[PDB]
Amino acid sequence: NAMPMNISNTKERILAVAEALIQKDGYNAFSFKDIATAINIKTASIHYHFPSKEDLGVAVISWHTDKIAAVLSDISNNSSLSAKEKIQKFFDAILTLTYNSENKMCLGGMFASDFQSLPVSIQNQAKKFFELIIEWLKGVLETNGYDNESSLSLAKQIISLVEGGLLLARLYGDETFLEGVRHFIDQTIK
Amino acid sequence: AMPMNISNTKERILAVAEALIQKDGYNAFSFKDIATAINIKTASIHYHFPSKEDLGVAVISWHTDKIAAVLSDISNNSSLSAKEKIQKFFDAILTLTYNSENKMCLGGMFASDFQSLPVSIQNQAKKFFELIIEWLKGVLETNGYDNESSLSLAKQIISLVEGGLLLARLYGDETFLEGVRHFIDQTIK
Ligand code: NA
């Protein structure tokens, strides 16, 4: 029956806005003060949950990866979808989280661009994000009858194209960069 | 007896700025980083570039000119087929990026940072990609592609180049870059 009220706690609201800021502007272009101002809490309440910016960075990527893992799991466990349809829906899921949501970039892509400036803890979480995506893509493609080598190569082309397509689409509002990703999928996969 | 081949202060500032941006990104370097790198006073940097934005604009403009000259040498090379021109383009990019101390594309770096940048720098970054996309489109049109397909394929190629470079440099996985070449080789006739 009655559940607890659906109010986001302070930690969750910090994570959600940090995620948004990183996706829009990049890790080296937001501060705790930006978050405090955005959701009207004390900057000291941010330091409370995340003593350093690094702590928040690690936690944001970890949370985001968990969310994407669930989304992907739901696609690959859908028995009515062909392998090709799973890849198509993967791209739709990325669009929902990126270009469609206030012209955001992929969180992973943003950290990849900033990689050399990041603490190692964040670097390692960013690598984990891509490893999860690539493994998921490779696995789906293996169910389509592709051999191991071809599955890994195509998985890497697909994520490269997704990242580069999003990067360029969001500069111009030029959807054709994103259409190109879909065209590659549709023309390359069986 | 020619003048001696010494890079002037402005030239060395631009070169080190370009490298810092390609390694770490525009929002992760300062003039102090440049001063420490080449042992000049920060006041000397401001002399040439009063604000960081002025340096950002100059670096992209200069980098774009360098890429334009490279692309010109490729397309005036008559021994190269259209496909070979695109292969050699990606080889030129590799020289300036992955091969040079694991750097990212300067344009790609500014694209990632775009929302945080002054409009002057946004516009320079767009000019960089317009130059590349137009050049690729033109090579493809010499191979018989129509306007819409030339443009679509050029945008796929640069999208894949940018993404491949982005991911290859995270842990030295060459196969991300092999994938770019495979796409070029398998798609262009
Ligand atoms: Na960036």
Side-chain angles (χ1 to χ4, degrees), chain A residues 13-39 41 43 46-47 50 52-61 63-64 97-99 101-123 125-126 129 163-164 166-172, chain B residues 17-34 49 51-57 59-60 103-126 128-129 162 166 169-170:
Chain A
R13 295 205 317 162
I14 290 161
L15 287 164
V17 196
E19 184 187 56
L21 291 173
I22 292 166
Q23 291 187 268
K24 289 174 179 188
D25 297 337
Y27 183 79
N28 295 317
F30 85 98
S31 73
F32 279 18
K33 179 63 164 181
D34 291 326
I35 296 179
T37 293
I39 62 167
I41 63 180
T43 302
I46 306 172
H47 289 285
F50 307 103
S52 71
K53 193 178 180 178
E54 173 177 349
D55 294 309
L56 175 58
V58 165
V60 169
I61 303 160
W63 181 49
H64 187 84
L97 292 165
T98 62
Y99 183 89
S101 180
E102 302 180 355
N103 197 46
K104 284 162 198 169
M105 179 55 186
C106 176
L107 189 72
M110 286 301 229
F111 280 116
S113 75
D114 299 328
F115 198 86
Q116 294 299 84
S117 77
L118 304 172
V120 169
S121 62
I122 298 178
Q123 289 183 339
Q125 295 290 333
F129 174 84
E163 295 296 333
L166 286 172
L167 192 68
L168 301 179
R170 64 189 287 275
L171 308 190
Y172 294 112
Chain B
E18 182 195 55
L20 288 169
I21 294 161
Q22 295 186 265
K23 288 176 170 182
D24 302 336
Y26 181 81
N27 294 314
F29 88 97
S30 68
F31 281 16
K32 189 193 169 45
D33 293 321
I34 295 176
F49 304 104
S51 69
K52 196 189 179 171
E53 167 180 358
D54 292 314
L55 177 55
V57 168
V59 166
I60 300 163
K103 279 163 192 168
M104 176 57 188
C105 177
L106 189 80
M109 287 301 228
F110 280 110
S112 77
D113 296 327
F114 193 87
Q115 291 300 94
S116 75
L117 305 167
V119 181
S120 59
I121 293 175
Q122 294 183 335
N123 292 342
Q124 288 298 322
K126 289 165 141 197
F128 171 83
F129 287 111
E162 294 296 325
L166 189 74
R169 71 185 291 264
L170 305 186

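First the proteins, then the strands, lettered A, B, ... as listed; each starts at 1.
- With a 4.5 Å cut-off on side-chain heavy atoms, A:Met110 and A:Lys104 do not count as touching.
- Shown here for B:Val59 and B:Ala17, the closest heavy-atom pair between the two residues is CG2-CB, 3.8 Å.
- Of all heavy-atom pairs between A:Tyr172 and B:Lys126, the closest is OH-O, 3.2 Å.
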Check against side-chain contact (heavy atoms from CB on, under 4.5 Å), A:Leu167 and B:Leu166: CA-CA 11 Å; A:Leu167 192 68; B:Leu166 189 74; 5.8 Å; no

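- Counting only distance, with no hydrogens or angles, the side chain of A:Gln23 and the backbone of A:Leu97 share a donor-acceptor pair below 3.5 Å.
- For the atom pair CD1 (A:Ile61) and NE2 (A:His64), the distance works out to 9.5 Å, reported to the nearest 0.5 Å.
- Residues B:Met104 and A:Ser113 have side chains not in contact (no heavy-atom distance under 4.5 Å, counting atoms from C-beta outward).
- Contact detail for A:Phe111 and A:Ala126: the closest heavy-atom pair is CB-CB, 4.1 Å.
- The two atoms that bring A:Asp34 and A:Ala29 nearest to each other are OD2-O, 4.3 Å, heavy atoms only.
- Two residues are said to be in side-chain contact when any heavy atoms from C-beta on lie closer than 4.5 Å; B:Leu55 and B:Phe31 meet this criterion.
- Side-chain contact between A:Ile122 and A:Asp114: absent, with no pair of heavy atoms (C-beta onward) separated by less than 4.5 Å.
- Side-chain contact between B:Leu170 and A:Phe115: present, with at least one pair of heavy atoms (C-beta onward) separated by less than 4.5 Å.
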Stepwise side-chain contact (heavy atoms from CB on, under 4.5 Å) check, B:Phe129 with A:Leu168: CA-CA 9 Å; B:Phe129 287 111; A:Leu168 301 179; 3.8 Å; yes

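- Going from atom CD1 of A:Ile35 over to atom NZ of A:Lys33 covers 12.0 Å, rounded to the nearest 0.5 Å.
- For the pair B:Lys52 and B:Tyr26, the cation sits on the ring face: its NZ or CZ lies under 6.0 Å from the ring centre, inside 45° of the axis.
- With rounding to the nearest 0.5 Å, the separation of CD1 in A:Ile46 from CD1 in A:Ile41 is 4.5 Å.
- Rounding to the nearest 0.5 angstrom, the gap separating the CG atom in B:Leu106 from the CD atom in B:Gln124 is 11.0 Å.
- A pairwise comparison of heavy atoms in B:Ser120 and B:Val57 identifies OG-CG2, 3.4 Å as the closest pair.
- Minimum interatomic distance between B:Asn27 and B:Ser116 (heavy atoms only, all atoms of both residues): ND2-OG, 3.0 Å.
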